[PDB]
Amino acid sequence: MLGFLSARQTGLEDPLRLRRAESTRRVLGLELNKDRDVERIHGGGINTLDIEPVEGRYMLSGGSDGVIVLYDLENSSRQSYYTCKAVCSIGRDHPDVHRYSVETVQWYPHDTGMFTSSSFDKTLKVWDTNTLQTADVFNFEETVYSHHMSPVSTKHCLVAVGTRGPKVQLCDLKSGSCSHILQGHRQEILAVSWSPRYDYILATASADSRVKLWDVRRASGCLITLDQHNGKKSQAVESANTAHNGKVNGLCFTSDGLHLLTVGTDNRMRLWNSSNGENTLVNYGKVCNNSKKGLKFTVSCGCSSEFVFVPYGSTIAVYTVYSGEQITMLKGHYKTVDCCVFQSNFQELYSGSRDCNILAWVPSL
């Protein structure tokens, strides 16, 4: 620690680099913050969390109980220990309460006053945070598995929605619209997410064991299909071009948006060239994934190394995006971990699991 300080004061090594360099040092010795607590409201195992993109003060949580809990994560007690209280929650009394399991809940990129919620009650709901009413409600032929908006810009207001329907469904928030559809996947889509880097690029993870990347401005055809053998395998049609040996159900972009992480039902994580789809052959080993739903997992940023937090059984396994080397498996949950979500401001992490308990993970010393 002291050498870090005596370098920074002298201007030996770049200050902001030493922060990056310092920050990976914290993510390493991160442990289950025992002096923190997330208040228990969700009656179901947590299917999603989401921490605010600007300042990251408030958090949304989703649950199988069809509930949306909204949390304050700050502390202002004269003590060093505290319990994240829920400021608001869309509970059973509420006129618009989700009827069934809530699988994604996402803060409106570039507007904290709103947020979004999709469920297994085949709806997508738009929300006023400050009043707690509703704004827009959408409806789908099939159970919603994943929804997302690009955190790049506000040149578009499309919401990617990945239902059990093989058609991918893009919903304009601006107006009702919802007519826009993307076509090519053949089985249930389990994960959607946009490129942080690229404005109109969307990724799509269906159960048909393939992944696709779409320019939504294009009225036909995806841009690439992730092929795991990099062509090497002479495969017959409609069996070729399959990312995972089993249904693909996890998707997160790399901090910069230069790669993609697919985790499938075959227990693999694969790191992918987000441009050409080149399987980088980064190993990670067997990553137990036997879920029937989406797999919500996050990526670290603002540190030298880029880690990737994938929920592994009753733990969150921590890898090194580009080395593939596992650091550890954050252990605190007694039941299977559903989701995890990384805090960029203090290199923290929050896990929502079927144990119905959201847990905080901070670095130590």
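Sequential numbering from 1, following the sequence displayed.
When the C-alpha B-factors of 124 to 132 and 246 to 254 are averaged, 124 to 132 comes out higher. With 308 to 316 and 32 to 40 compared on mean CA B-factor from the PDB entry, the stretch scoring higher is 32 to 40. Residue-level inspection of the entry shows that, of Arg268, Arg210, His147, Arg197, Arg197 has the top Cα B-factor.
Going by the entry's values, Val237 shows the largest Cα B-factor out of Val237, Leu202, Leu158, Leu261. When the modelled residues of the chain are ordered by C-alpha B-factor, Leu12 sits in the middle third. When the modelled residues of the chain are ordered by C-alpha B-factor, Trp272 sits in the lowest third. In the deposited entry, the Cα temperature factor of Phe346 sits in the top third of values across the chain's modelled residues.
Compared with the other modelled residues of the chain, the Cα B-factor recorded for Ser76 ranks in the highest third.
Sort the chain's modelled residues by C-alpha temperature factor and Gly176 lands in the highest third, per the entry.
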